[PDB]
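Protein chains in written order, with the deposited numbering: chain E, 3 to 233; chain L, 1 to 111; chain G, 2 to 242; chain C, 1 to 240; chain B, 1 to 244; chain D, 1 to 117, 125 to 242; chain F, 2 to 244; chain J, 1 to 195; chain A, 1 to 250.
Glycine residues also receive a C-beta, built at the ideal position from the N, C-alpha and C atoms.
Okay, structure first, notes after.
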Ligand SMILES: [Cl-]
Ligand SMILES: [Mg+2]
Ligand SMILES: [Mg+2]
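Below you can see the structure in the form of structure tokens.
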């Protein structure tokens, strides 16, 4: 009310309204799902168009050969944060000949987002990210919120009506976690998960976006006719 | 006075055919009259079907190859995984090299 | 009325932020007192440790700024420690630059100048503290100099600070009316500490255990704080008279 | 450094600081530009609430940017000096690097760019000035007349006016200027310019300034008597 | 942050006026009147001191009239402290020009630069403008004798006769009435004093409430002399014209 | 007042949303993409008859293979075009090749959110970027001050956009010829424009692989206008 | 009024309302504690299991500074990480110049001054965390608790978060019942019990226990996480006491 | 670098400047004009390090032209020479100084007098009846010391100048490929085409 | 972080007033009375030492300060603001004058420098004006003795005699009746003490009054001999005893 003019102001109950309004931009964003087994990690994203004449806004971005994310909210902010991750992954490779741990990737994003919530003039990032990766400790899935909070999960979803997929994955937990050494089945579980967040619209060929990374699989994205297999 | 350059010896050779190309190089690495390694490769696969060698001062050679390999990586990121053509790679390497015009990479480069 | 939020003048020529910083001074509800002997300067302060979980040895508002200078603070501990660290750095730099130990009054002026800046510059708030500096200066002898959020400072024959400062002040005034001198006419610092505690007891009307007090003593070439047992030894001496 | 974003969007999509800068232009003395077949004429109103003026030394309303291009304006006088100075410096810088004087379009484009920059830079307000820039490109005999405004938009005009009561004189020019046949001579162009100012001015005494620019750096300012002859001639034809 | 307390000194009103410039001019209208009159053989500067006290040291005082160089002087109306900042800048600027070209600075060039500095404070920096209006009186070999005025907006204009500060409306009407082009310095001296005497808010115009100066070619052959009048000289010139 | 980079309670940036209102006040610009080329057309909208309309420059070349049309506060577009041209030429210098249309658009859109308390406010202009490259062929992009860009088969921006877009929804198909697209832009511009459409108050342009980006002459457009009127009367 | 709208502004009381508002954010956070023992310190924290989908043991909240200091906090988690990052920079520069690892009181003031600095200007926001931290140095064991204002003290036991009062009451009993001292292995067990008892104030979601410790004898003066057999033993001890 | 001469007579200033541009063992050009018009009645000839000469000359030209437009007025030759001197005096203590020597010939319209200023790269200014830079002076000054009168006509000055060029063409080691001669007087600047 | 206050805190109101300067002058009005009187062979500046507590040692707080050997200053208003102005004034006398000309600045020019510092606090970003009016007395070879008043705006005026602060209105009227152009230094000291008694309420002695003069050179206060041209400071602070001697023949 009187305490939402900027990020540097606390409300009387200890809330940061600008951070909460940034969180609100994610809720308006199109649904995206993340889930993993012990061998692979999968991102599934529902893309959104302006109208029937327009393209479908790309939701998934590659960060390294072993890491990448999906976005929900302000896309330019995702570009800034993904670019930062690309550099951090790259620094680790050039300087230490070391693939950046997915956990460190999360810590780095948390700290970058945090600085924008404590200083005057700046604004919080207006996007949520789901980071998947395969490193020296196996497969990983992270959830980034622009409050700074990063959380490691077996599965999750963010965006509009993400609660449907999140409930589904919570039920399916014991099943999909043991889909080891089978990419197509782990994707099928993710495609079924994102289907619980659909209303009036269904998954088409230029609507669905899937990404996968794993033990013997570099981070690769599937669009167009390559996702027809899963509809 | 500190001399930032050295000579690691060796020699390289590139020949082009009709539908192929070779880039060869000996694996010996030296300083003065001593052998450092009998097998230290200096011809590298940089991706996008480009092979590269920067022969002369190995520290500069490795740095340049490292930078170009990284340039290929970012070319993909910035231009929708487009393949870097050999002519585009050549022009890119010119800028890498000339960027250090007043403190040169002490190498002869072939791709 | 934004003239009450930053350090600019109000229509009546006042600086409300400075005035409110003065009120922060009493937020700890602790009273301090300083007196001078012939050879020494004694400062005492109440020590209130309400929480049982606190480590009482770490609860202190007296600071050793340099080997010769001590400082007691009336105000919240974060601002108190901010002032202490700066004072320590200033005293150290002075010695390096000018080849001799920073005098108590010069440090007081310097810290007062820094405080003044916060009353004139908008981006910096005043510290909600009152700083009492004590030493036995090699030129001026026993010295008490006190700084406040307005940037004011002055030397003292003796002084007191806190919520019940006026009672202690008049108590000391009445003694110096009687004694007719500028200091406590006593040889040992031990008895000057005893005087300080005695007159604080009379003014406040409370009794003190060894853990209810905190004592700093400045002599030639060193300032030091007393342990609980040093104070207990001192409390026993008062009781047996 | 002072950083405040002074020029910002409002809910309806307007930048009020830019729009209020236009109000400053509307307050300024009227300025008019008319281009003929072989010349451009810049006319300027001078308010007569100021007697005891020294016209020798008082800043003239029309300024030479180079020997071949001129700039008049409407709005804040102090603001205009900053634009004129920058324009003059760029004129010499262009001659130095390109080895050719500026085109009137280029000079206009530069001045307009400066004005635009002040509408989305922190800590600055927009220029309270609109300009009329006129002249001839090097080795060219085609007349050029351009207009700029605080927002930064610029465009070419066969004839145009800016400042107070400019809507009245624009009305006049819109029915009195034939695109198919522009004022064929210098005399015709000056007369149409003087006529248009007489719709708004008051007395044709020391209230009107006229500057004539012809090809190949041929710029001259008319004196009182020369202008007064146009005023005298127009009024006698009017009584009919 | 600090946005809360920003007055925004360099913005436009909905009508297209600069608030702070307008309010600075309002401030200047309460300052003591200063008059400049340009004759064919010299210039007069006359200014009224702001309500004087009898214990003020009058001879070693300078409030209204300042020397910029040997050929140029200014009359001040507004905040004196603000004026001195600008005066020192103007003095330095004149010397920079002399150092560069080995010629005394033309009056307009000096006036323009000082006016440009004022302009800057109205367009950028977020600072309050200088609450000062100048009357510049000077000579150079291009235009001869010149009078200018500048105000907080940074706008300057040339004049034959002009007033700044208090009662300019009444003062300008009186100057416009009695001024003519073939006027001499001694006539201009009389007009300046007569105008102040009628427009003053005081009971009667006396020597102790005035500063006076002339810029003549009344030295010896083709050179200019600045005369900042002493108290006794103002007392005499006030008697000579029959005001006291 | 309030921060320039402030979020609304609905999760949108106030300044970005307000700049979108400025663009709605702008003159209409339409783009249609075909397999034979991309056509760009704009309403000039002269504020007065004395203004020489050919000096109104709302269609602009970025490189030989990329063109651009604008709508809104058109003065704001100058630095966007300058950046686009430099980005295009710089890439050619570094890589001895033409830069992809999408990469160009992304580079322009990187400027968009570089405002706050960088420039003081967002851009008040939307761009239609049309071009060709070897990888993705003929492309049309709509670049907004939000920093977002969509690829379009056809798109209208400006005051008559929502009406024109609805018309483009019906008319566009994947087999349109270049000539068909030219007429379609003219037709839809004539529908949403205030004043009557002619060669002086509307401008056409196109980009083809063979001839690159070309702005049409007033003579060429006039014949396409005459061809359009005759075809509508013919049934 | 309006005194609470800007950081570093004194109210007529002499208070900085913005700091007090940051304290509300801390009170909203999960419970964390610190127990000082014979030759070291023990840290524990409540991790609310929001969902089944959280990977157990893999969202670590306790942080190490240098090799001998542990830090835990309640409130805005990102703010706590920022403070630890600074703490690590401070500890590194101390060791760089002075060779010896940073003493705990020295380290405590480094954080204190930094947090206090964020109450001096309106262009920064106060920290939305209370931080419990400590370790072992040349003078033995030290436990500290730092608040948004920059205020910190040494503690025998410390607690912050939603279940601070419950935890404090339980801490006070240990101090009374063990005047001679508590052992490191005992303090680990007690820490588990207190987190479980403090969980009653946050009992909708069930939780995950996390413990760490520094001890001169048990961990050789270095910070280590309690895992495996020692953790499960501590969990079982806590489970037995609630029933 | 090469022969720049200057002679101030009764009513005009005459500047003669060699036409050769030599680099190594090759004369690259034999028609080079080593001069710039700073204003209608002010001409500057220049001579020194390659590149520096023209870069400096044109920079000065731009500044004087900028001044002319701003004030709608022509600076006096004295004022221009002082500006030029200061620029060189700044330059000599820069990281890389301008190695350029100049002569400034001007006609002061207010004084109705010709004026010749000699300024070297250090910023050493002198007003002279006749001037030269480089080795040229070693030959021509004794010749001018003898034959020069302050009341000479422009024609007499040109004959005096022919005598200097003849002496230089006889005793100088290089072929400087003749001179371009320009006259500065009340009517401005004009070039003598047949010399 | 960093000083984000890069804008003026003193601005013109619609009526033309500079609010913060007016309010600073109001703070000066509340301040304790100080005065200055110029004689033919010297200048006297005086003020009351308002003690904050009887436990305070008012000797340690100096309201009258030496700026140069021939210039002294006193004030009315906010003490802390005055203290830092004296520090800056002493330094600027060296940096912008003595280190250039090898001699101390004349009174008018040092005053001019202090005025500049006070003017800048009225226009620069993120600062309030100084809440003091200064009276600066001094001597220099070519101007003789002088007395100046400097206000929060940065304006300065030369005075024959004047007062500032609490009871300045009455004190100025008192000085008008007594001042003539033939006053000797001792006569001016006498009048200064008389004028000050009117505004002082409590104790009136050498311990509650602070008074200094600018008069003859004091070779005994120089600290060295051997250089004939160096003859000692003209500024001298009267002792507590010296004041009481003159209060008997009052
Ligand atoms: Cl200091
Ligand atoms: Mg402040
Ligand atoms: Mg020479």
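Nearest neighbour of residue i, chosen from the options [CA to CA]
{"i": "residue 178 of chain J", "options": "J/151, J/189, J/162", "result": "J/162"}
{"i": "residue 55 of chain D", "options": "C/158, C/64, C/19", "result": "C/158"}
{"i": "residue 54 of chain C", "options": "B/205, B/85, B/13, B/180", "result": "B/180"}
{"i": "residue 71 of chain J", "options": "C/72, C/60, C/80, C/77", "result": "C/60"}
{"i": "residue 26 of chain G", "options": "G/186, G/147, G/75, G/88", "result": "G/75"}
{"i": "residue 217 of chain A", "options": "A/138, A/250, A/94", "result": "A/138"}
Same chain, Cβ closer than 7 Å to residue i, five either side skipped, listed in chain order
{"i": "residue 191 of chain D", "result": "32, 178"}
{"i": "residue 240 of chain A", "result": "206, 207"}
{"i": "residue 74 of chain D", "result": "58, 132"}
Classification of residue i by the beta-carbon crowding that lies within 10 angstroms, buried from 16 upward
{"i": "residue 210 of chain E", "result": "buried"}
{"i": "residue 74 of chain L", "result": "exposed"}
{"i": "residue 242 of chain A", "result": "exposed"}
{"i": "residue 54 of chain A", "result": "exposed"}
{"i": "residue 120 of chain E", "result": "buried"}
Chain-order list of residues whose beta-carbon lies under 8 Å from that of residue i (same chain, five-residue window excluded)
{"i": "residue 221 of chain A", "result": "232, 233, 236"}
{"i": "residue 71 of chain F", "result": "42, 44, 63, 64, 65, 134, 135, 136, 213, 214, 215, 224"}
DSSP three-state assignment for residue i, whether helix, strand or coil
{"i": "residue 21 of chain A", "result": "helix"}
{"i": "residue 36 of chain L", "result": "strand"}
{"i": "residue 138 of chain F", "result": "strand"}
{"i": "residue 8 of chain J", "result": "strand"}
{"i": "residue 133 of chain E", "result": "strand"}
{"i": "residue 230 of chain B", "result": "coil"}
C-beta contact flag for residue i and residue j at 8 Å
{"i": "residue 10 of chain G", "j": "residue 83 of chain A", "result": "no"}
{"i": "residue 35 of chain B", "j": "residue 131 of chain B", "result": "no"}
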